[PDB]
């Protein structure tokens, strides 16, 4: 018989965009995506990956599964391409599952305390 094994390389190309999928608390992993792929493909990919790390598992919507970037949220129709993101790089993004907001607190909101 015979056997062979040659091949090793750990570097992101300039045609793909490395994305960092983070979860609650922490735990993250480097991924790859195209500029023609939309948050869907990504969010989807993530879902497809891993066996199951979330009780809930019986939905299908880009809303519930929204991708966060730099704190903000990316649209489901948005695509790395439209994000004119730099190739051969690593982006940081957060993921969550909720048809609504995460916490009761929205940016750009001033309060008026009863006092002068």
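In the entry's author numbering, the protein residues as written are 1 to 116. Just so you know, even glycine gets a beta-carbon here, dropped at the ideal spot from N, CA and C.
I believe residue i touches residue j by the beta-carbon criterion, under 8 Å. Please report the beta-carbon distance rounded to the nearest angstrom.
| i | j | result |
| --- | --- | --- |
| residue 43 | residue 62 | 7 Å |
| residue 54 | residue 97 | 7 Å |
| residue 91 | residue 20 | 6 Å |
| residue 77 | residue 38 | 6 Å |
Please list the terminal residues of the continuous alpha helix (DSSP H) segment that includes residue i.
| i | result |
| --- | --- |
| residue 46 | 39-48 |
Tell me whether residue i sits in a helix, a strand or coil according to DSSP, three-state version.
| i | result |
| --- | --- |
| residue 94 | strand |
| residue 66 | strand |
| residue 36 | coil |
| residue 18 | strand |
Any idea which residues DSSP pairs residue i with across the strands?
| i | result |
| --- | --- |
| residue 23 | In the DSSP output, where bridge partners are listed per residue, residue 23 has none listed. |
| residue 79 | 38 |
Starting from residue i, trace the beta strand (DSSP E) both ways and give me its first and last residue.
| i | result |
| --- | --- |
| residue 72 | 72-74 |
| residue 31 | 28-33 |
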